[PDB]
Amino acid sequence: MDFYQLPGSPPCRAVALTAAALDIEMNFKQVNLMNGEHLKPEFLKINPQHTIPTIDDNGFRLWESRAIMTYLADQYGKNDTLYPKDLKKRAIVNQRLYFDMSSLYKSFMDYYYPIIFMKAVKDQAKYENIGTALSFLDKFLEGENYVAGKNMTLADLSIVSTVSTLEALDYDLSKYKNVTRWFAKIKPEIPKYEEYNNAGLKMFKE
């Protein structure tokens, strides 16, 4: 399996953490210079034509991180708990994955992408949208050990890829007491969290 990725990208780290939690080896490919000038057409035809992350699983090309995550869980997961077969439990994981995309990651990108990439001036309205998303996450976690069920699921892995980036960027999570409790308890439970998520945060800590 080839894994086209950027180490700092939260969705890439979400997929990397999923592969680690499933004990899946992937051949990591770095898509840094894929937009640089003078790359051969033969090299361009191998590049993912859509978004990063993309996997190539024996010819099966798949983009969209959360679709990759549920594909890996079912195709390669030994047990149930990361993406339960039970339809009600699975539905809640799916629900939380849509929330992760449309609220949490969206708010992260809306605020930090203009700043980090374009060196733009902070948008206070977009900044508050992070807190709005985090307030929803905090409510999901009230009285819960995990974000979408009684065990760690794919939704924990996808959400942690963004929440850990927020903390790496000095966003204070303390007032989201359930988010803080969950984030502290989840990191030691995530296989190879340091290798496949924390290490890729370095660009943000800088």
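Numbers follow the displayed sequence, beginning with 1.
Note on 155-163 vs 29-37: mean CA B-factor is higher in 29-37. Relative to one another, 88-96 and 112-120 have unequal mean CA B-factors, and 112-120 is the one with the higher figure. The entry assigns its greatest Cα B factor, within the set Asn178, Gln49, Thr70, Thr54, to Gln49. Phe204: CA B factor lies in the highest third for its chain, per the PDB record. Sort the chain's modelled residues by C-alpha temperature factor and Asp172 lands in the highest third, per the entry. Per the deposited record, the Cα B-factor of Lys150 falls in the middle third when ranked against the other modelled residues of its chain. For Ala125, the recorded CA temperature factor ranks within the highest third of the chain's modelled residues. Placement of the Cα temperature factor of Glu142 within the chain: middle third of the modelled residues, per the deposited record.
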